[PDB]
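Here is the structure we will look at, set down as structure tokens.
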Amino acid sequence: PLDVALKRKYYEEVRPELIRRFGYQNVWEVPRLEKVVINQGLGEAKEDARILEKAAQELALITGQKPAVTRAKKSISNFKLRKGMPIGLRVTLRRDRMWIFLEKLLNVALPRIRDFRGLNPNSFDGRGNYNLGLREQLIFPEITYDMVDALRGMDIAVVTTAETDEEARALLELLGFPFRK
Amino acid sequence: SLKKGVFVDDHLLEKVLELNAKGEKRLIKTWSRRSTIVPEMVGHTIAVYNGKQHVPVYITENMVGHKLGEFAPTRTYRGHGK
Amino acid sequence: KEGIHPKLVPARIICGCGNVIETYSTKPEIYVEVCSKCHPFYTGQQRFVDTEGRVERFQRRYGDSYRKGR
Amino acid sequence: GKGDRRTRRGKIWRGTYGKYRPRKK
Amino acid sequence: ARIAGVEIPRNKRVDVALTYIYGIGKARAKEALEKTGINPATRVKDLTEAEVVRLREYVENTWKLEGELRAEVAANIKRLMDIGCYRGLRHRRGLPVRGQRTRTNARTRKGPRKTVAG
RNA sequence: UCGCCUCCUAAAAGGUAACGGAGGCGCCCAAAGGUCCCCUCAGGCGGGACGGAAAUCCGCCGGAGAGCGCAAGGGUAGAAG
RNA sequence: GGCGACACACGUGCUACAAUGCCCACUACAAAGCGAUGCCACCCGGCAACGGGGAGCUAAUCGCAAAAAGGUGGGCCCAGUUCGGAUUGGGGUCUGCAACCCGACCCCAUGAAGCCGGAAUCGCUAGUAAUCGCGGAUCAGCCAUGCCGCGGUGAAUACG
Ligand SMILES: [Mg+2]
Ligand SMILES: [Mg+2]
Ligand SMILES: [Mg+2]
Ligand SMILES: [Mg+2]
Ligand SMILES: [Mg+2]
Ligand SMILES: [Mg+2]
Ligand SMILES: [Mg+2]
């Protein structure tokens, strides 16, 4: 079952705090952070695979899980690309790995961002989910800087069993999500 | 850039101070940027001369080393054919 | 699953101001300059400066010469 | 760098003295 | 070594490598390593980790630099936004701030020539 | 203009003419074929670095308005996709 | 207030794009001129501009000035780079009643364009061209990179 500090920190701190803040009557009504899915919009690989593979192993290093290529649904002559064409990587991670990633995310990567005054508090879904943009990917501890070729980023989706975007606003706030007030 | 002087017009201040006890009216002109922004009477308007007319400039903190006439451009320019 | 992904080893990692754990990832231990959960920059707040205001200082710098006073 | 105000050479050219060109000894 | 917001300069003298930061220049450079007590002519190649830590701790603190002071500088120009002075309008029109000659020259703020012809 | 396909004229079976009203065909696919196993669209509203009316990503809603190599009709996700 | 405006065009120039070069330290070698309603030695504060003192000098007596290129030493190692200094933020100083339009310096931080110039176009035949600094006039100050002078090191080539 491994261990993971953030995982524990959820159970023996963040968990009871929610039952006090919101007064859930059932052990399941409580918001449970599950499924974090990383996505990279890779137009950069409009016509390149050796620039896509380099983005693959890069992603595999920070999540410990191979990403899968996504392909264009249609065709847009307005900005090249046809039906096929590997345009975008994406890796889904839930359980254990989702926590090990979420720790290094909050407790290493996010502060390594230039300036960085805190995650956006309006960036909430309305159904209890959160998303956040990232520029440089070198902010991850497993990335060694002197081994990159291009500064490609990623979108991150954090899904949560909360109803409102308040119960999630709370759930993540407890886990260590800096919200720029 | 003065340091031990740091001056304002005596005549601008005479008119400004004797019209500062317990309140006033914003009707107050001048003829000299030469002065300085002057704290107190911040909620005031000083019609500064730009060479042609008296432009009502308004003080709302924020300004200090900028005397007056910087808030009173003397030229117009506006455009060059375009 | 088998025969593709990188493996995840135990915990150890060096921060530029103190300590960090978890790690896993791929590397046994890595170095991190700008620490996180520690304290600097929005972690307890360390107001480096304050960015001077003119209402305060410049009214007391230009006003330091209180010769124009009254 | 005859126009850089941070050299003994630029300070010569400008004429003036300072930190990057002291008034001798 | 990721000193402030940057890390780039390797094998090239710490008194010089320091310069490669918005906020350091040349004077604060040797001032920082004499106050931290480090040899200026060193390799910059990740030498004694301790010297690097002390350097980082002093430099990154003390005075504002990198993206933070760029924000402050830009904000000092934003000062003359509101209903600002004459100097603000010069930042508005894109013309030289210090009242210089604009009949010719001033290309560093105006930009390359546009040529009207008539 | 001349042969073939689709819709209307066509009068609720079929068929039905005019130098009547509108469009297509003279190909294509060794996968776009066989079978077994899986999966479900278009859109709309939110959320998300570069990234916009559309690229990929998350979240709800969405019974078929998508798709089905090309005209049109029929058919179709309890699949033909 | 304006002559200092600025989408632009031309003239004369200054500073450069670097290693026969740049930075720092040390250490030499001039001429021609100017100054007691000034030049201001030497101390003191100051990173510095400069401020406090204060001696000498109606000046081949005292002061402006140490000339700089040079030499020695050491550091960069060819990279928009310790080349380049524009532009911009901030902090100061001095003259002046006052320096926003529109002053010169000093200091911190930024460090742009430029890696040598299209068609065209200029100067110079011996201390000459090039390169290096120095003085003076105007002048409270200064937008002088100008003008008028002074000396330092010192080419190339002229068949015709
Ligand atoms: Mg029928
Ligand atoms: Mg019938
Ligand atoms: Mg017929
Ligand atoms: Mg004129
Ligand atoms: Mg360029
Ligand atoms: Mg070069
Ligand atoms: Mg001759």
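Naming scheme: A, B, ... for chains in displayed order of the structure tokens; residues 1 onward per chain; ligands 1 onward as shown.
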Protein and nucleic residues near ligand 3, 12 Å, only C-alpha atoms (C1' of nucleotides) and all ligand atoms, as a list in words: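 Listed by chain and ascending number, the contacts are residues 8, 9, 10, 16, 17, 18, 19, 20 and 21 of chain F.
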Residues within 10 Å of residue C:64, only C-alpha atoms (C1' of nucleotides), excluding chain neighbours under 4 positions, as an mmCIF file with C-alpha atoms, in the first residue's frame:
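Here's the written file around-v5.cif:
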```
data_model
loop_
_atom_site.group_PDB
_atom_site.id
_atom_site.type_symbol
_atom_site.label_atom_id
_atom_site.label_comp_id
_atom_site.auth_asym_id
_atom_site.auth_seq_id
_atom_site.Cartn_x
_atom_site.Cartn_y
_atom_site.Cartn_z
ATOM 1 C CA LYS B 3 17.943 68.844 -1.313
ATOM 2 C CA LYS B 4 18.306 71.548 1.348
ATOM 3 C CA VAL B 6 13.170 72.021 -1.986
ATOM 4 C CA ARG C 57 8.423 58.808 2.138
ATOM 5 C CA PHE C 58 8.321 61.470 -0.592
ATOM 6 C CA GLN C 59 6.077 63.563 1.644
ATOM 7 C CA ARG C 60 8.787 63.125 4.284
ATOM 8 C CA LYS C 68 8.157 75.034 3.171
ATOM 9 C CA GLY C 69 6.254 73.917 6.267
#
```
Using only C-alpha atoms (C1' of nucleotides) and all ligand atoms, find each residue with an atom at most 12 Å away from ligand 4 and format the answer as a PDB file with N, CA and C atoms (P, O5', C5', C4', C3', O3' and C1' of nucleotides), in the first residue's frame.
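Final output, saved to pocket.pdb:
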```pdb
ATOM      1  N   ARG E 101      16.044  65.217 -28.201  1.00  0.00           N
ATOM      2  CA  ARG E 101      15.712  65.524 -29.582  1.00  0.00           C
ATOM      3  C   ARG E 101      14.950  64.364 -30.208  1.00  0.00           C
TER       4      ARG E 101
ATOM      5  P     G G   2       7.675  74.939 -23.350  1.00  0.00           P
ATOM      6  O5'   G G   2       7.902  75.532 -24.814  1.00  0.00           O
ATOM      7  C5'   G G   2       6.975  75.272 -25.862  1.00  0.00           C
ATOM      8  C4'   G G   2       7.223  76.149 -27.066  1.00  0.00           C
ATOM      9  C3'   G G   2       8.626  76.104 -27.645  1.00  0.00           C
ATOM     10  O3'   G G   2       8.844  74.984 -28.479  1.00  0.00           O
ATOM     11  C1'   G G   2       7.946  78.349 -27.434  1.00  0.00           C
ATOM     12  P     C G   3      10.191  74.125 -28.324  1.00  0.00           P
ATOM     13  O5'   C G   3      11.281  74.957 -29.135  1.00  0.00           O
ATOM     14  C5'   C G   3      11.149  75.150 -30.533  1.00  0.00           C
ATOM     15  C4'   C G   3      12.009  76.282 -31.027  1.00  0.00           C
ATOM     16  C3'   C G   3      13.509  76.046 -31.013  1.00  0.00           C
ATOM     17  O3'   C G   3      13.952  75.274 -32.114  1.00  0.00           O
ATOM     18  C1'   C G   3      13.026  78.196 -30.146  1.00  0.00           C
ATOM     19  P     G G   4      15.336  74.558 -32.040  1.00  0.00           P
ATOM     20  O5'   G G   4      15.189  73.759 -30.677  1.00  0.00           O
ATOM     21  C5'   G G   4      13.942  73.146 -30.308  1.00  0.00           C
ATOM     22  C4'   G G   4      14.192  71.818 -29.627  1.00  0.00           C
ATOM     23  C3'   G G   4      12.963  71.039 -29.170  1.00  0.00           C
ATOM     24  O3'   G G   4      13.345  69.677 -29.099  1.00  0.00           O
ATOM     25  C1'   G G   4      14.305  71.471 -27.317  1.00  0.00           C
TER      26        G G   4
END
```
Expected answer as number ranges by chain: chain C residues within 8 Å of chain E, only C-alpha atoms: C: 16, 33-34, 48-49, 51
Selection within 12 Å of ligand 7 by only C-alpha atoms (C1' of nucleotides) and all ligand atoms, output as a list in words: residues 124, 125, 126, 128 and 158 of chain G
For N, CA, C and O atoms (P, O5', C5', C4', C3', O3' and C1' of nucleotides), I'd like the residues from the last selection saved as a PDB file, in the first residue's frame.
```pdb
ATOM      1  P     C G 124      42.506  67.223 -48.838  1.00  0.00           P
ATOM      2  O5'   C G 124      43.960  66.699 -48.457  1.00  0.00           O
ATOM      3  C5'   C G 124      44.499  66.898 -47.157  1.00  0.00           C
ATOM      4  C4'   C G 124      45.340  65.723 -46.729  1.00  0.00           C
ATOM      5  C3'   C G 124      46.477  65.336 -47.662  1.00  0.00           C
ATOM      6  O3'   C G 124      47.625  66.151 -47.503  1.00  0.00           O
ATOM      7  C1'   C G 124      45.284  63.394 -47.021  1.00  0.00           C
ATOM      8  P     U G 125      48.442  66.662 -48.791  1.00  0.00           P
ATOM      9  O5'   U G 125      49.340  65.413 -49.201  1.00  0.00           O
ATOM     10  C5'   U G 125      50.167  64.772 -48.237  1.00  0.00           C
ATOM     11  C4'   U G 125      51.535  64.446 -48.784  1.00  0.00           C
ATOM     12  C3'   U G 125      52.184  65.531 -49.644  1.00  0.00           C
ATOM     13  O3'   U G 125      53.588  65.532 -49.394  1.00  0.00           O
ATOM     14  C1'   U G 125      52.075  63.520 -50.861  1.00  0.00           C
ATOM     15  P     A G 126      54.270  66.724 -48.560  1.00  0.00           P
ATOM     16  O5'   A G 126      54.790  66.020 -47.227  1.00  0.00           O
ATOM     17  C5'   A G 126      54.284  66.403 -45.951  1.00  0.00           C
ATOM     18  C4'   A G 126      55.338  66.281 -44.876  1.00  0.00           C
ATOM     19  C3'   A G 126      56.779  66.365 -45.379  1.00  0.00           C
ATOM     20  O3'   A G 126      57.618  67.228 -44.568  1.00  0.00           O
ATOM     21  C1'   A G 126      56.387  64.232 -44.350  1.00  0.00           C
ATOM     22  P     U G 128      52.327  66.598 -38.551  1.00  0.00           P
ATOM     23  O5'   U G 128      51.843  66.201 -40.019  1.00  0.00           O
ATOM     24  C5'   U G 128      51.238  67.156 -40.882  1.00  0.00           C
ATOM     25  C4'   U G 128      51.031  66.597 -42.271  1.00  0.00           C
ATOM     26  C3'   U G 128      50.016  65.465 -42.384  1.00  0.00           C
ATOM     27  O3'   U G 128      48.691  65.947 -42.540  1.00  0.00           O
ATOM     28  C1'   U G 128      52.025  64.843 -43.476  1.00  0.00           C
ATOM     29  P     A G 158      55.356  53.719 -55.442  1.00  0.00           P
ATOM     30  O5'   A G 158      54.874  55.060 -56.159  1.00  0.00           O
ATOM     31  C5'   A G 158      53.953  55.018 -57.237  1.00  0.00           C
ATOM     32  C4'   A G 158      53.511  56.399 -57.654  1.00  0.00           C
ATOM     33  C3'   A G 158      54.607  57.360 -58.089  1.00  0.00           C
ATOM     34  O3'   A G 158      55.022  57.144 -59.424  1.00  0.00           O
ATOM     35  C1'   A G 158      53.133  58.463 -56.612  1.00  0.00           C
TER      36        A G 158
END
```
Site check for ligand 2: residues at most 9 Å away, only C-alpha atoms (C1' of nucleotides) and all ligand atoms, as a list in words: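 Checking only C-alpha atoms (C1' of nucleotides) and all ligand atoms against ligand 2 at 9 Å gives residues 10, 11, 12 and 13 of chain F.
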Quick one: write out the picked residues with N, CA, C and O atoms (P, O5', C5', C4', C3', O3' and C1' of nucleotides) as a PDB file, in the first residue's frame?
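Contents of part_21.pdb, as written:
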```
ATOM      1  P     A F  10     -48.710  14.772 -59.807  1.00  0.00           P
ATOM      2  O5'   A F  10     -48.390  13.421 -59.041  1.00  0.00           O
ATOM      3  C5'   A F  10     -49.421  12.511 -58.691  1.00  0.00           C
ATOM      4  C4'   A F  10     -48.856  11.152 -58.368  1.00  0.00           C
ATOM      5  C3'   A F  10     -47.807  11.134 -57.258  1.00  0.00           C
ATOM      6  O3'   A F  10     -47.893   9.903 -56.541  1.00  0.00           O
ATOM      7  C1'   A F  10     -46.847  10.348 -59.273  1.00  0.00           C
ATOM      8  P     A F  11     -48.945   9.716 -55.340  1.00  0.00           P
ATOM      9  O5'   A F  11     -50.256  10.488 -55.826  1.00  0.00           O
ATOM     10  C5'   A F  11     -51.140  11.111 -54.903  1.00  0.00           C
ATOM     11  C4'   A F  11     -52.517  11.308 -55.491  1.00  0.00           C
ATOM     12  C3'   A F  11     -53.292  10.037 -55.812  1.00  0.00           C
ATOM     13  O3'   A F  11     -54.042   9.607 -54.680  1.00  0.00           O
ATOM     14  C1'   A F  11     -53.403  11.584 -57.644  1.00  0.00           C
ATOM     15  P     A F  12     -53.906   8.118 -54.088  1.00  0.00           P
ATOM     16  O5'   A F  12     -53.062   8.296 -52.746  1.00  0.00           O
ATOM     17  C5'   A F  12     -51.655   8.467 -52.788  1.00  0.00           C
ATOM     18  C4'   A F  12     -50.949   7.650 -51.735  1.00  0.00           C
ATOM     19  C3'   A F  12     -51.315   6.181 -51.667  1.00  0.00           C
ATOM     20  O3'   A F  12     -50.697   5.407 -52.675  1.00  0.00           O
ATOM     21  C1'   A F  12     -51.287   7.068 -49.492  1.00  0.00           C
ATOM     22  P     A F  13     -51.516   4.229 -53.397  1.00  0.00           P
ATOM     23  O5'   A F  13     -50.503   3.006 -53.368  1.00  0.00           O
ATOM     24  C5'   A F  13     -49.989   2.504 -52.145  1.00  0.00           C
ATOM     25  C4'   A F  13     -49.428   1.125 -52.351  1.00  0.00           C
ATOM     26  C3'   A F  13     -48.464   0.985 -53.525  1.00  0.00           C
ATOM     27  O3'   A F  13     -47.130   1.331 -53.199  1.00  0.00           O
ATOM     28  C1'   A F  13     -50.112  -0.703 -53.657  1.00  0.00           C
TER      29        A F  13
END
```
